[PDB]
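Notes follow the structure.
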Protein chains: 6
Amino acid sequence: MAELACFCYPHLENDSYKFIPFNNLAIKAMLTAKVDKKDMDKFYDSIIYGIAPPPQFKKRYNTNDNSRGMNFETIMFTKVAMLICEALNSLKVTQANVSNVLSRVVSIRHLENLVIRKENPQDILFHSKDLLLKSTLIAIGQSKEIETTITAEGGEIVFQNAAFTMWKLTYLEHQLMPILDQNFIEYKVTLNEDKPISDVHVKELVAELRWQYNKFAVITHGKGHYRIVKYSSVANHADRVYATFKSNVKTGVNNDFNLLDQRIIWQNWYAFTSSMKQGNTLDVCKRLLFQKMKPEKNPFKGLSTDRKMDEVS
Amino acid sequence: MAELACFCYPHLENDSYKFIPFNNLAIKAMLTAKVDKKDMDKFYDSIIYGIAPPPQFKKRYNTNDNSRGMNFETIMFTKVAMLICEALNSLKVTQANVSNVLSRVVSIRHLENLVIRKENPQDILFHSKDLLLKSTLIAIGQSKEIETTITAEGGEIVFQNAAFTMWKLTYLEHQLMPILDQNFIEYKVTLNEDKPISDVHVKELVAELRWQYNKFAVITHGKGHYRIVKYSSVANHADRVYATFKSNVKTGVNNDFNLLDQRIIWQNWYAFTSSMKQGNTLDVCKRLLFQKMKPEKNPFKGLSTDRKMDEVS
Amino acid sequence: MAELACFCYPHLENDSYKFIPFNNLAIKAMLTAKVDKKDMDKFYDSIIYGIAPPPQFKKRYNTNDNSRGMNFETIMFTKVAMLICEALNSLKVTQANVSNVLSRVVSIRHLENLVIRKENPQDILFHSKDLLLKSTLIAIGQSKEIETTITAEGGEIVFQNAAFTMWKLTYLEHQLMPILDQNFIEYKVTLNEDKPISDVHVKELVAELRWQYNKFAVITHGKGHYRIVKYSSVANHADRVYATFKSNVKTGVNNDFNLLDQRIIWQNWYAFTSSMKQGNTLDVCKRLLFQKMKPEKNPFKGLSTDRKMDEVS
Amino acid sequence: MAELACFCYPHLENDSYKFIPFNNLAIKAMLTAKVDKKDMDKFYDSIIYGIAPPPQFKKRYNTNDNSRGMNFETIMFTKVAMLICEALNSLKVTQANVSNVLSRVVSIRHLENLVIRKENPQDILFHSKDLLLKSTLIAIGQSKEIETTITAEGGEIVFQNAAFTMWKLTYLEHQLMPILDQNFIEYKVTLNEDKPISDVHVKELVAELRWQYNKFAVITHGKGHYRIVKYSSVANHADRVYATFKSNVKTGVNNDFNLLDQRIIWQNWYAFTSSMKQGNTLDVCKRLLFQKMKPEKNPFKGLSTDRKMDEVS
Amino acid sequence: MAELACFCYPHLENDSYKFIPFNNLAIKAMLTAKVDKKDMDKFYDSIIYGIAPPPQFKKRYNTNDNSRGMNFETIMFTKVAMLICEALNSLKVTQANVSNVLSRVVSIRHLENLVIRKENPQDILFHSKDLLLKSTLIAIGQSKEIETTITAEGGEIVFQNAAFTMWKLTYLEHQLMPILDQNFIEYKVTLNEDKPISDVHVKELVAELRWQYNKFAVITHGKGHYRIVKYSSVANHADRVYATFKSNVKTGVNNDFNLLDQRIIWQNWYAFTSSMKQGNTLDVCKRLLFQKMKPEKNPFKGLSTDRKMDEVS
Amino acid sequence: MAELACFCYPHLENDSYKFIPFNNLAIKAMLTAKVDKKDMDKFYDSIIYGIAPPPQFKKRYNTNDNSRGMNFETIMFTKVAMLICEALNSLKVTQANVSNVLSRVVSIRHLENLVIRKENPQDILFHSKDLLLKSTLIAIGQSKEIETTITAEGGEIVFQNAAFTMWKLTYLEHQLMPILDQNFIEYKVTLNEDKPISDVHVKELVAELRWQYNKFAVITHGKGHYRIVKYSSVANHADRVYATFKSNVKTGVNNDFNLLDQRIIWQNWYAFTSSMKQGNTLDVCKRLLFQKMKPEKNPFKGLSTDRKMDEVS
């Protein structure tokens with residue numbers, strides 16, 4: 001998680017704003033700067049190295065006494081900054097929305113993975129510029145089209161159907177916010193189209209999930225892509241997603257939530273998220289998560305046995 | 001796959017036989033040696049380096065035109081040979097049984113792993129010599145007590161409750177017959193005590209198996225320990241075990257065969273092995289392996305769900 | 001051993017076909033792709049990475065379950081694909097030949113040795129483009145000129161005359177179907193001028209062969225170049241050639257077989273290949289190969305002894 | 001090529017002599033010593049480092065102005081020296097033959113190979129001391145036993161029959177006097193038992209030689225073991241074996257020569273060595289070497305063809 | 001020591017000759033070529049790799065049975081070949097001299113050092129092309145202006161006053177014809193201007209020579225530059241220069257000699273080379289080299305003392 | 001340059017003194033101690049690590065604000081300390097001489113070279129304990145014997161005749177007080193037998209010196225061994241030794257001086273040291289050093305030419 005105000009800053013074109021990145025050494029210098037408690041929100045100027053973000057975000061960068069911030073001493077920082085610039089400048093930004101446009105939250109891992117799949121010379125985000133442009137727009141939130149496979153968050157395919165795609169997030173090769181654990185592994189599943197999916201395709205996806213990844217749980221953060229993560233973190237995501245909905249109950253922010261087909265999503269998480277979007281209580285709604293309730297072993301029958309007897313060849 | 005006549009040869013003690021290993025240099029010499037007919041099954045004497053096994057086994061040693069044989073160019077060879085010596089010498093051998101005692105088949109990987117287990121100082125096969133002696137006797141076949149956990153084939157533990165132990169065979173660090181394939185992962189499961197096992201322990205084992213290892217199929221080779229291997233090779237084992245029974249239907253060896261609890265072993269493999277030991281046809285009996293069965297997904301009910309909602313915290 | 005439909009695919013220009021290579025990432029994605037039956041011979045579209053060959057050829061790519069296919073995770077795959085592209089596009093292809101043009105078998109090692117030759121700037125396949133076109137076009141099989149030295153399959157020279165050239169195939173530095181063995185050495189011998197050859201040159205070549213390579217046997221595959229391999233594999237070649245002639249007795253397929261001068265080719269292999277082209281049994285004709293028959297130990301007199309007393313200084 | 005006066009020196013037991021090695025530092029010191037032209041054969045005493053060989057041998061040690069001498073700056077120089085100790089100390093040496101027993105020429109490479117052999121704990125020269133003692137006695141020349149296989153000069157076995165053994169001299173890992181060339185490779189062939197040999201064993205040796213080593217010639221230095229070397233140096237050996245005989249025509253030293261069986265040895269070299277033993281002229285006798293005399297390709301017939309149709313399976 | 005026929009060959013412009021280098025792979029191929037007699041002195045054509053020098057020069061290339069010729073496998077070969085081409089083409093070569101122009105002996109080390117100095121940008125043979133051209137002309141022997149400092153053969157400067165320059169030849173970093181000896185150091189001293197030199201400069205040079213290089217002896221080969229080499233190799237140079245004057249006594253080639261000042265050159269070598277050029281006996285003239293001749297110890301007096309008491313500060 | 005009170009301290013045997021080394025950790029601890037200005041010369045007690053030398057020597061040990069002291073963190077410190085202990089304890093020490101016997105100066109490099117000589121198992125200071133004992137005695141100044149060769153200060157020999165030995169001090173592989181320069185090189189020349197030396201040996205030493213080392217000057221510090229050092233550092237020695245005599249003019253200290261044969265020692269340094277021992281002024285006597293006075297170039301005649309003409313063969 002982070003704000004867009006940590007990769008660029010606006011600069012007047014006398015009509016509109018051109019966004020410009022920061023310099024590693026510049027923000028490095030600002031980190032050790034010290035200024036009065038009156039101007040701790042306006043952008044700082046490391047006189048030698050250029051502009052640098054305000055001291056307000058001083059606690060969001062990897063310093064000596066706090067390493068829980070974004071690492072910025074790596075080329076990936078300038079890469080993602082140049083990407084955000086190249087994307088935002090095309091979008092004509094006004095002077096009354098840029099105040100909040102530069103504050104749209106974004107999991108910087110998304111942008112990092114966009115960068116990794118953009119510099120590869122085979123991903124179609126290498127040839128077609130407008131595709132990458134729309135992709136970064138969506139990854140920032142300035143578009144309406146939900147993320148689809150053509151504009152997905154990258155990674156290596158691990159399974160594909162005629163209507164789906166199962167990316168395997170590799171959050172261990174990153175250089176901005178790499179995960180400490182060497183055991184953390186998380187899958188994403190996106191759609192190739194936005195049309196009502198058939199039943200045979202969903203049957204195949206359910207088969208592959210409940211066979212090769214039965215040690216994982218299928219959830220969703222409310223956008224158009226099934227997240228998949230180990231049960232040993234479900235309780236996390238709920239709370240981690242709960243605020244994302246709760247803080248969106250506050251006016252001026254969109255509460256648009258997208259739950260997917262209950263056939264594949266985890267039925268317990270399905271009911272929990274339904275009662276969440278319903279408008280129920282804070283914690284008593286989460287109580288339905290730990291409520292062990294599963295009469296059928298798996299949602300459907302006669303499927304795992306099919307793969308069992310299939311792979312025997 | 002190996003015969004005992006590739007690590008030792010008998011020598012006369014005027015009352016019994018002392019078995020002595022080979023010098024890897026001596027076998028290497030005999031390999032590129034040549035002798036006339038009528039003597040290709042008589043022990044050869046590399047005059048410079050000592051005795052060496054007859055040229056009969058010439059095609060069973062790792063040379064640059066036949067890599068399908070055992071290696072001898074590593075210290076593991078002399079180690080396993082010295083172990084076989086230390087074991088067989090104590091067992092008093094006659095002058096009319098060594099003829100086929102030195103021909104008892106043995107999975108060289110078993111002896112290799114037992115060696116790599118006796119050298120680690122933390123295992124009880126380091127202190128108690130008689131335990132090591134009994135274990136090597138079992139691994140050779142000169143005793144009746146089936147293998148138990150105290151005398152298992154080594155490897156790193158993965159799961160135990162009170163009557164089971166799930167060894168994870170590591171066939172990728174061996175230096176005698178290391179598996180060329182990168183994806184060769186096999187799990188053995190042995191008993192802690194030969195007494196009839198309760199039902200709670202079996203239910204716990206089936207839970208752990210059908211949760212953490214549902215991509216595997218529990219089979220047995222007819223001895224007292226559950227094998228575990230991917231379905232993508234189960235068929236092999238059938239044929240790979242079939243001769244082991246068929247070549248035992250002819251006299252000269254015992255046809256003794258052990259089953260396990262039908263409640264865990266893969267019921268298709270169970271019925272196949274049952275109709276195998278029954279005495280039916282060769283391939284028409286194998287036909288029951290490919291015959292789809294099990295109109296339910298798992299043998300028990302409401303078990304995987306318990307582990308699902310268990311790990312949620 | 002491979003088919004042309006694994007390096008490129010056709011694409012319409014509204015007049016003719018342009019051939020386009022694959023993206024290794026795209027074919028790796030297709031590998032895990034699951035598609036319904038009745039369609040598993042159609043070119044697949046990895047939505048993210050471009051087109052990819054149909055799943056029909058799934059079993060012919062180096063994965064973790066099948067390491068017996070063409071490797072593609074190296075740059076040599078894209079290199080040879082671009083070479084085949086640069087080759088075929090020049091040849092104006094119709095819409096009634098690409099059906100079986102992309103099915104002409106080709107020893108992938110041949111194209112590998114080509115691409116390892118066009119990049120070494122010393123050779124003339126670095127300067128004259130049309131020579132390279134003709135060379136790879138022959139290697140694909142779309143012309144009637146047999147391979148000559150100017151257009152040979154590369155490798156390092158080891159001996160020459162006024163009419164011959166003895167390449168030493170190096171199948172150990174390849175990356176596309178490299179030989180697993182470290183003791184597989186094979187020699188090729190090609191002609192410089194397709195016109196009939198004299199007798200002094202053949203005397204010289206037979207001298208050099210029966211002196212420096214008397215531990216090798218001279219055979220052919222039915223084209224214009226003497227293969228040379230250790231006797232310890234002749235039998236293999238036999239059957240590996242037999243099907244090539246057997247599957248070609250099918251009508252509509254060229255069965256034109258070229259046998260070279262009997263004066264140097266292995267007389268037993270010569271008679272076998274003659275009785276093969278005559279048209280006879282499968283194995284009873286092969287029986288002439290294993291039949292020992294040698295009236296004169298070598299077909300000439302005064303060459304081995306000549307080199308013996310020659311090299312004395 | 002070396003004299004025994006470069007590894008040890010005699011010392012008085014008041015009754016007999018104990019032979020003591022040199023300190024490599026002491027010989028290095030003497031190397032840069034300068035003494036008057038009156039005592040340039042007396043043993044020099046590097047006062048700091050113990051006795052050192054006389055200055056007469058200055059030209060026989062490797063310095064930066066004469067690198068054609070022995071290398072002593074490696075550990076091997078001590079080993080071989082100590083190895084000579086346990087040889088000569090046992091043999092009671094007379095106060096009248098130490099004058100010339102320390103000048104018996106010896107190919108240092110022989111002793112180096114033997115010391116490499118005695119340290120490999122699998123050879124029988126590691127267990128039985130008296131065997132090592134006898135072997136060093138032979139390699140020095142103080143016994144009449146011709147060097148059999150048990151006492152061979154060591155190396156890697158390559159081929160073995162019931163009466164022969166074909167060592168492959170490895171003169172490239174020697175740290176005392178390696179070869180000026182780095183493609184040099186030379187084989188030795190010794191007899192297992194000094195008694196006469198049959199006609200089947202010799203025929204098999206001739207077959208193996210004319211098949212796997214037809215690019216070599218079988219010669220002999222006069223002792224009881226067939227040397228085997230490339231024709232491209234045979235002439236050298238001639239003069240190298242000429243002087244060692246001619247200098248033995250100078251009475252006072254034994255000229256005992258032993259040419260081996262003619263059926264295997266190179267017939268031209270056989271006739272040359274015979275006319276050498278006759279006492280004929282110097283150069284007109286060598287003239288028979290370069291002269292091409294080819295009645296028949298070999299005193300045997302039907303051997304190359306036999307191995308040809310043998311290896312075919 | 002080399003001939004010009006090992007780096008280029010002539011090619012017709014229908015009017016004049018363009019010289020073209022050899023593809024090292026092509027000469028490597030020719031090395032193994034076996035062409036009939038009567039044609040062994042005409043340029044060979046490795047059909048695959050281009051032209052290559054005739055087989056006459058076969059024994060002048062570093063192979064594994066003759067390591068006494070020039071190496072060609074290194075990039076320095078193509079470098080010096082391109083240099084010789086770039087130089088010779090400017091010179092208008094006729095059709096009645098090229099036959100002997102391509103046979104002018106040249107110390108390959110000279111060209112090697114010249115190319116290793118023309119790549120270092122600080123040297124003036126980097127900027128001025130015509131200077132490089134004149135220098136290579138001199139090094140080939142197609143002009144009359146003796147080598148001066150501006151056109152010297154490179155190396156590290158060690159000493160300069162006004163009229164001399166003392167290069168330190170580094171024949172150990174070369175890659176074409178390096179010195180197998182690890183310890184070989186040979187200095188050269190060239191003039192700065194062909195005009196007569198004063199006495200103070202010569203006295204300074206003699207001081208520096210008889211002080212810093214007392215362990216060397218100044219000689220000259222017959223050019224305008226003093227050689228300097230250890231006394232331990234004077235004699236060699238003697239005969240090495242003797243043939244150079246002797247073979248030039250044959251008419252058609254220049255026999256001139258440029259003896260330098262008598263005050264600095266080794267007076268014994270001075271008198272010897274003078275009696276050489278006088279036209280006297282072959283070896284009785286060389287006897288003047290070993291005959292100790294001393295009119296004075298050193299041609300100057302009271303000079304080493306000046307440098308002794310000079311450096312004391 | 002060091003004082004003996006930096007490797008050991010005395011301890012009471014109730015009758016005499018046992019000398020014991022320091023622990024490098026203990027002295028490192030003492031270095032950072034801060035004791036009152038009343039006891040800065042009493043031995044300190046780093047109570048954790050054992051006794052440590054007084055803080056008086058605080059500035060004599062290497063620390064990161066004073067690196068001009070003696071490194072002690074290496075193993076050679078404990079080595080030389082144990083050597084000094086092993087030497088001093090054997091010597092019976094009173095209770096009124098330990099006051100100043102622990103203050104007799106010693107060139108730490110001398111003891112370092114001793115310990116690097118004692119561990120080399122080929123020198124006679126390895127076997128004979130009493131020899132090493134007398135050597136370490138004289139290296140401290142507790143004996144009358146001048147340092148002969150049998151007890152020399154180690155190093156590698158470079159030249160010996162019958163009464164001299166030219167060690168080449170290697171002050172670059174040391175660890176206690178190594179030299180920071182790469183150009184510093186110093187030779188020592190010691191006598192073998194303290195008896196008067198003849199003329200032939202002296203002439204030979206002068207030959208070797210004025211030929212191979214004419215870029216060095218021979219001096220003496222006032223003991224029985226010629227130092228040899230570059231002229232570029234005579235003056236330093238002239239003053240470095242001067243105090244060594246001047247501070248010995250103080251009553252109660254020995255000023256014995258041993259100037260050697262003027263025939264070989266630098267005659268200017270000879271006269272300077274003579275007028276030094278005479279008892280004259282400080283700088284007006286040193287003035288004779290920079291005075292240039294050299295009628296004969298060297299005290300001998302016709303000697304350099306001898307080696308000149310000698311080395312020619």
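Each chain in the structure tokens gets a letter, A, B, ..., in the order shown, and its residues are numbered from 1; ligands are numbered from 1 in order too.
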_Set the cut-off to 6 Å and count only C-alpha atoms: what are the residues of chain C that reach chain E? Output as a list in words._
residues 123, 150, 157, 159, 160 and 161 of chain C
Restricted to N, CA and C atoms, what would the selected residues look like written as a PDB file, in the first residue's frame?
```pdb
ATOM      1  N   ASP C 123      32.919 -17.451 -41.788  1.00  0.00           N
ATOM      2  CA  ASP C 123      32.384 -18.281 -42.854  1.00  0.00           C
ATOM      3  C   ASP C 123      31.682 -17.433 -43.908  1.00  0.00           C
ATOM      4  N   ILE C 150      29.867 -26.086 -49.825  1.00  0.00           N
ATOM      5  CA  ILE C 150      29.565 -24.663 -49.691  1.00  0.00           C
ATOM      6  C   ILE C 150      28.312 -24.451 -48.857  1.00  0.00           C
ATOM      7  N   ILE C 157      36.056 -28.270 -39.640  1.00  0.00           N
ATOM      8  CA  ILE C 157      36.750 -29.149 -40.570  1.00  0.00           C
ATOM      9  C   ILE C 157      37.776 -29.972 -39.812  1.00  0.00           C
ATOM     10  N   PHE C 159      39.499 -32.609 -42.102  1.00  0.00           N
ATOM     11  CA  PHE C 159      40.275 -33.144 -43.208  1.00  0.00           C
ATOM     12  C   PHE C 159      39.610 -32.723 -44.508  1.00  0.00           C
ATOM     13  N   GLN C 160      40.429 -32.477 -45.525  1.00  0.00           N
ATOM     14  CA  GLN C 160      39.919 -32.076 -46.826  1.00  0.00           C
ATOM     15  C   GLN C 160      40.758 -32.681 -47.937  1.00  0.00           C
ATOM     16  N   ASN C 161      40.194 -32.649 -49.137  1.00  0.00           N
ATOM     17  CA  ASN C 161      40.872 -33.048 -50.356  1.00  0.00           C
ATOM     18  C   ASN C 161      40.444 -32.064 -51.434  1.00  0.00           C
TER      19      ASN C 161
END
```
*Near residue 205 of chain A, within 10 Å and counting only C-alpha atoms, which residues show up once chain neighbours fewer than 5 positions away are dropped, as a PyMOL selection string?*
(chain A and resi 159-161+163-166+189+199-200+210-211+264) or (chain C and resi 34)
How would the residues just picked look written out with N, CA, C and O atoms as a PDB file, in the first residue's frame?
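File part.pdb, as written:
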```pdb
ATOM      1  N   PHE A 159      -1.669 -21.678 -15.574  1.00  0.00           N
ATOM      2  CA  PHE A 159      -2.824 -22.408 -16.071  1.00  0.00           C
ATOM      3  C   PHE A 159      -3.697 -21.445 -16.857  1.00  0.00           C
ATOM      4  O   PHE A 159      -3.815 -20.267 -16.509  1.00  0.00           O
ATOM      5  N   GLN A 160      -4.313 -21.960 -17.914  1.00  0.00           N
ATOM      6  CA  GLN A 160      -5.110 -21.114 -18.786  1.00  0.00           C
ATOM      7  C   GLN A 160      -6.265 -21.911 -19.362  1.00  0.00           C
ATOM      8  O   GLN A 160      -6.113 -23.071 -19.748  1.00  0.00           O
ATOM      9  N   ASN A 161      -7.421 -21.262 -19.419  1.00  0.00           N
ATOM     10  CA  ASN A 161      -8.601 -21.828 -20.047  1.00  0.00           C
ATOM     11  C   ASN A 161      -9.009 -20.922 -21.196  1.00  0.00           C
ATOM     12  O   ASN A 161      -8.286 -19.980 -21.524  1.00  0.00           O
ATOM     13  N   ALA A 163     -11.412 -18.914 -21.031  1.00  0.00           N
ATOM     14  CA  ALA A 163     -12.009 -17.711 -20.466  1.00  0.00           C
ATOM     15  C   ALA A 163     -11.310 -17.246 -19.193  1.00  0.00           C
ATOM     16  O   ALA A 163     -11.762 -16.288 -18.559  1.00  0.00           O
ATOM     17  N   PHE A 164     -10.220 -17.904 -18.802  1.00  0.00           N
ATOM     18  CA  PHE A 164      -9.566 -17.592 -17.538  1.00  0.00           C
ATOM     19  C   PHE A 164      -8.059 -17.541 -17.735  1.00  0.00           C
ATOM     20  O   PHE A 164      -7.538 -17.865 -18.803  1.00  0.00           O
ATOM     21  N   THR A 165      -7.363 -17.123 -16.681  1.00  0.00           N
ATOM     22  CA  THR A 165      -5.906 -17.155 -16.661  1.00  0.00           C
ATOM     23  C   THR A 165      -5.433 -17.074 -15.219  1.00  0.00           C
ATOM     24  O   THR A 165      -5.861 -16.190 -14.476  1.00  0.00           O
ATOM     25  N   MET A 166      -4.542 -17.985 -14.830  1.00  0.00           N
ATOM     26  CA  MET A 166      -4.097 -18.107 -13.444  1.00  0.00           C
ATOM     27  C   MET A 166      -2.644 -17.656 -13.331  1.00  0.00           C
ATOM     28  O   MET A 166      -1.719 -18.451 -13.499  1.00  0.00           O
ATOM     29  N   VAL A 189      -6.264 -14.890 -10.413  1.00  0.00           N
ATOM     30  CA  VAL A 189      -7.000 -15.491 -11.514  1.00  0.00           C
ATOM     31  C   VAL A 189      -7.859 -14.411 -12.142  1.00  0.00           C
ATOM     32  O   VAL A 189      -8.711 -13.821 -11.472  1.00  0.00           O
ATOM     33  N   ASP A 199     -20.588 -22.696 -18.332  1.00  0.00           N
ATOM     34  CA  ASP A 199     -20.517 -23.645 -17.227  1.00  0.00           C
ATOM     35  C   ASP A 199     -19.370 -24.635 -17.379  1.00  0.00           C
ATOM     36  O   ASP A 199     -18.796 -25.071 -16.377  1.00  0.00           O
ATOM     37  N   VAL A 200     -19.022 -25.001 -18.613  1.00  0.00           N
ATOM     38  CA  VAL A 200     -17.921 -25.936 -18.825  1.00  0.00           C
ATOM     39  C   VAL A 200     -16.595 -25.295 -18.425  1.00  0.00           C
ATOM     40  O   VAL A 200     -15.733 -25.937 -17.811  1.00  0.00           O
ATOM     41  N   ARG A 210      -9.484 -27.212  -7.244  1.00  0.00           N
ATOM     42  CA  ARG A 210      -9.652 -28.212  -6.199  1.00  0.00           C
ATOM     43  C   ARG A 210      -8.812 -29.459  -6.424  1.00  0.00           C
ATOM     44  O   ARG A 210      -8.938 -30.407  -5.643  1.00  0.00           O
ATOM     45  N   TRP A 211      -7.972 -29.498  -7.456  1.00  0.00           N
ATOM     46  CA  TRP A 211      -7.020 -30.594  -7.586  1.00  0.00           C
ATOM     47  C   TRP A 211      -5.581 -30.162  -7.367  1.00  0.00           C
ATOM     48  O   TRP A 211      -4.897 -30.728  -6.509  1.00  0.00           O
ATOM     49  N   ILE A 264     -17.351 -20.953  -7.557  1.00  0.00           N
ATOM     50  CA  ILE A 264     -15.916 -21.175  -7.405  1.00  0.00           C
ATOM     51  C   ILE A 264     -15.362 -20.484  -6.167  1.00  0.00           C
ATOM     52  O   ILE A 264     -14.528 -21.051  -5.456  1.00  0.00           O
TER      53      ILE A 264
ATOM     54  N   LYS C  34      -5.387 -25.830 -20.921  1.00  0.00           N
ATOM     55  CA  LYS C  34      -6.345 -26.915 -21.062  1.00  0.00           C
ATOM     56  C   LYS C  34      -7.450 -26.456 -21.999  1.00  0.00           C
ATOM     57  O   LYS C  34      -8.102 -25.440 -21.745  1.00  0.00           O
TER      58      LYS C  34
END
```
_From a backbone DSSP assignment, name each residue in segment 52-286 of chain C labelled strand (DSSP E), as number ranges by chain._
C: 52, 156-160, 164-169, 186-191, 217-219, 225-229
*Which parts of segment 40-186 of chain A does DSSP call alpha helix (DSSP H) when run on the backbone here, written out as number ranges by chain?*
A: 75-90, 98-101, 108-119, 129-140
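Contact shell of residue 3 of chain F at 9 Å (only C-alpha atoms; same-chain neighbours under 6 positions omitted): residues 102, 103, 104, 105, 106, 107 and 108 of chain F.
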